[PDB]
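Have a look at upload.cif below; it lists mmCIF, C-alpha atoms.
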data_upload
#
loop_
_atom_site.group_PDB
_atom_site.id
_atom_site.type_symbol
_atom_site.label_atom_id
_atom_site.label_comp_id
_atom_site.auth_asym_id
_atom_site.auth_seq_id
_atom_site.Cartn_x
_atom_site.Cartn_y
_atom_site.Cartn_z
ATOM 1 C CA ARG V 1 -44.583 -55.759 -24.449
ATOM 2 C CA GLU V 2 -47.113 -53.662 -26.371
ATOM 3 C CA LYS V 3 -47.783 -51.338 -23.437
ATOM 4 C CA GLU V 4 -44.056 -51.041 -22.773
ATOM 5 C CA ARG V 5 -43.508 -49.989 -26.384
ATOM 6 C CA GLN V 6 -46.462 -47.597 -26.415
ATOM 7 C CA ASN V 7 -45.432 -45.971 -23.141
ATOM 8 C CA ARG V 8 -41.847 -45.597 -24.342
ATOM 9 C CA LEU V 9 -43.055 -43.930 -27.532
ATOM 10 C CA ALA V 10 -45.462 -41.772 -25.521
ATOM 11 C CA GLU V 11 -42.728 -40.485 -23.224
ATOM 12 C CA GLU V 12 -40.558 -39.854 -26.277
ATOM 13 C CA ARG V 13 -43.412 -37.794 -27.733
ATOM 14 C CA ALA V 14 -43.931 -35.891 -24.477
ATOM 15 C CA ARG V 15 -40.202 -35.208 -24.198
ATOM 16 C CA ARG V 16 -40.074 -33.839 -27.736
ATOM 17 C CA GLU V 17 -43.132 -31.752 -26.857
ATOM 18 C CA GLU V 18 -41.521 -30.228 -23.771
ATOM 19 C CA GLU V 19 -38.417 -29.592 -25.871
ATOM 20 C CA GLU V 20 -40.517 -27.553 -28.293
ATOM 21 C CA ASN V 21 -42.229 -25.775 -25.399
ATOM 22 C CA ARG V 22 -38.998 -24.671 -23.722
ATOM 23 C CA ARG V 23 -37.754 -23.794 -27.207
ATOM 24 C CA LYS V 24 -40.662 -21.450 -27.913
ATOM 25 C CA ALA V 25 -40.178 -20.095 -24.391
ATOM 26 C CA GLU V 26 -36.551 -19.146 -25.040
ATOM 27 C CA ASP V 27 -37.577 -17.722 -28.414
ATOM 28 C CA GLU V 28 -40.092 -15.427 -26.712
ATOM 29 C CA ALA V 29 -37.373 -14.578 -24.185
ATOM 30 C CA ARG V 30 -35.137 -13.464 -27.049
ATOM 31 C CA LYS V 31 -38.060 -11.377 -28.299
ATOM 32 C CA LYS V 32 -37.923 -9.795 -24.848
#

Could you write out this file's structure as structure tokens?
Amino acid sequence: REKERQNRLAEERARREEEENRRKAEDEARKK
């Protein structure tokens, strides 16, 4: 159960991270 929880939280973190990455990408694109 602990590993399930930790992995779920970890994928949530990674998904938020890729959200911010594509976000900064589209920001730079607007700068272009």

Taking every listed atom of segment 16-30 of chain V and adding 4 Å to each side, what centre and edge lengths in Å (one decimal) does the axis-aligned box have, as AutoDock Vina command-line options?
--center_x -39.1 --center_y -23.7 --center_z -26.1 --size_x 16.0 --size_y 28.4 --size_z 12.7

Interatomic distance (Å, one decimal) between atom CA of residue 19 of chain V and atom CA of residue 1 of chain V: 26.9 Å

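Counting from atom CA of residue 31 of chain V, the distance to atom CA of residue 12 of chain V is 28.7 Å.
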
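The interatomic distance for the pair atom CA of residue 21 of chain V and atom CA of residue 9 of chain V works out to 18.3 Å.
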